[PDB]
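Reviewing the structure listed below.
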Amino acid sequence: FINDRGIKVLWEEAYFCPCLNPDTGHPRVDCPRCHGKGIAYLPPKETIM
Amino acid sequence: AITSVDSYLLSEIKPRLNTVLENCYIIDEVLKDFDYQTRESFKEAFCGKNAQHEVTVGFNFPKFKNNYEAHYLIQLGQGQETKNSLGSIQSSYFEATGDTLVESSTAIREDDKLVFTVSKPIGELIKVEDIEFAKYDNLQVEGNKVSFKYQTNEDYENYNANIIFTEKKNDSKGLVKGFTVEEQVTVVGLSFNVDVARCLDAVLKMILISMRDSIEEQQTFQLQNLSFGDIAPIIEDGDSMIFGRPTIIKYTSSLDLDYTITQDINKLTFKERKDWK
Ligand SMILES: [Zn+2]
């Protein structure tokens with residue numbers, strides 16, 4: 001039922017990026033692994049939702 | 001300079017908090033007025049090198065969960081400019097001077113002078129600890145070294161001192177232009193245990209009193225003034241409430257810039273010219 005009704009999506013999993021400032025606790029705005037969001041993402045996974 | 005009271009407070013509070021918490025008799029003195037069981041429970045939980053719990057410090061609005069058992073939240077507040085100088089001239093200098101520093105050093109003999117070596121070029125020497133030199137002592141400063149005549153002072157050939165001084169950036173003239181600001185920062189000790197909130201309040205007040213003597217807020221951030229809020233639930237709809245008592249720390253400080261002057265005049269010259277009308 002879900003495979004019939006859902007649309008194909010790419011799912012990628014959140015984790016906090018280890019670029020957070022050890023004092024201020026905020027992301028580095030230049031971080032390449034996360035583009036200023038505090039959250040980095042694992043490689044994408046194909047799923048239907 | 002431009003200044004950031006919040007980052008100053010974070011940098012200053014964290015080491016002081018650690019050094020009090022690793023030292024049991026300090027807490028035993030700070031909490032002498034509390035109920036015996038409150039005191040002993042706090043000292044058992046958070047205090048000493050074996051302490052299994054820990055306190056934490058950081059700015060507000062993190063994206064992660066904090067140690068809500070005991071956490072000092074630092075929260076930058078309001079401010080306003082209060083006093084201005086004529087022409088906005090806060091000061092003037094003949095030699096661009098950096099931050100004030102205090103460093104330990106030892107004398108050494110060199111070529112029948114005593115010298116103290118300092119890690120950075122001395123822009124100005126404020127004090128050599130526990131020494132007042134006479135003119136006979138031929139006190140001189142050069143680069144990053146202080147130098148001091150050996151002849152009468154041989155007993156002090158390894159004397160240990162603290163040097164209070166300030167860096168130099170460069171040899172240039174200018175005007176320090178700026179104004180004074182009065183600025184507030186809030187700090188709150190969050191805990192889901194009310195007795196922990198009350199103890200964190202006491203510890204923070206002790207830390208701020210101790211901070212008043214530091215060079216940082218003797219030279220800048222002057223006139224520390226404290227206000228205290230009610231104890232209240234900060235968050236009320238978890239499986240438990242989180243409590244805290246705010247304190248507001250207010251500081252008076254200078255915001256200013258080094259406006260360097262390139263113009264220099266090194267000779268007047270005179271001429272007479274004749275008017276035949
Ligand atoms: Zn990052």
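From first to last, the protein sequence lines are chains W and U. Just so we're aligned, residue 1 is where the first sequence starts under the numbering used here, counting upward by one. Just so we're aligned, residue 1 is where the second sequence starts under the numbering used here, counting upward by one. Note that the Cβ used here is the ideal one computed from N, Cα and C, for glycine as well.
Looking at the secondary structure, which residues open and close the beta strand (DSSP E) in which residue i lies?
i, result
"residue 96 of chain U", "96–110"
"residue 166 of chain U", "160–170"
"residue 83 of chain U", "71–83"
"residue 184 of chain U", "173–190"
"residue 265 of chain U", "Where residue 265 of chain U is concerned, there is no enclosing beta strand (DSSP E), given that its DSSP letter is neither H nor E."
"residue 2 of chain W", "That residue, residue 2 of chain W, is in no beta strand (DSSP E); its alpha helix (DSSP H) goes 2–5."
"residue 231 of chain U", "Element bounds for residue 231 of chain U: n/a, residue is neither H nor E."
When you compare each of the options to residue i by their alpha carbons, which one comes out closest?
i, options, result
"residue 193 of chain U", "U:181, U:232 and U:69", "U:69"
"residue 112 of chain U", "U:157, U:71, U:82 and U:42", "U:157"
"residue 57 of chain U", "U:190, U:257, U:276 and U:136", "U:190"
"residue 249 of chain U", "U:255, U:34 and U:184", "U:184"
"residue 99 of chain U", "U:123, U:107 and U:76", "U:123"
"residue 108 of chain U", "U:210, U:253, U:128 and U:159", "U:159"
"residue 82 of chain U", "U:4, U:200, U:223 and U:73", "U:223"
"residue 62 of chain U", "W:26, W:15 and W:6", "W:26"
"residue 252 of chain U", "U:164, U:182, U:101 and U:233", "U:182"
"residue 214 of chain U", "U:2, U:3, U:8 and U:4", "U:8"
"residue 207 of chain U", "U:4, U:244, U:18 and U:117", "U:18"
Just curious, the alpha helix (DSSP H) that residue i is in, first and last residue?
i, result
"residue 25 of chain U", "24–30"
"residue 46 of chain U", "36–46"
"residue 208 of chain U", "194–211"
"residue 218 of chain U", "215–219"
"residue 2 of chain U", "Careful: residue 2 of chain U lies outside any alpha helix (DSSP H) and carries neither H nor E."
I need the DSSP call for residue i, collapsed to helix, strand or coil.
i, result
"residue 12 of chain U", "helix"
"residue 248 of chain U", "strand"
"residue 68 of chain U", "coil"
"residue 225 of chain U", "strand"
"residue 141 of chain U", "strand"
"residue 152 of chain U", "coil"
"residue 24 of chain W", "coil"
"residue 147 of chain U", "strand"
"residue 119 of chain U", "coil"
"residue 135 of chain U", "helix"
"residue 56 of chain U", "strand"
How many Å lie between residue i and residue j at the Cα?
i, j, result
"residue 13 of chain W", "residue 23 of chain W", "26 Å"
"residue 89 of chain U", "residue 175 of chain U", "7 Å"
"residue 21 of chain W", "residue 38 of chain W", "10 Å"
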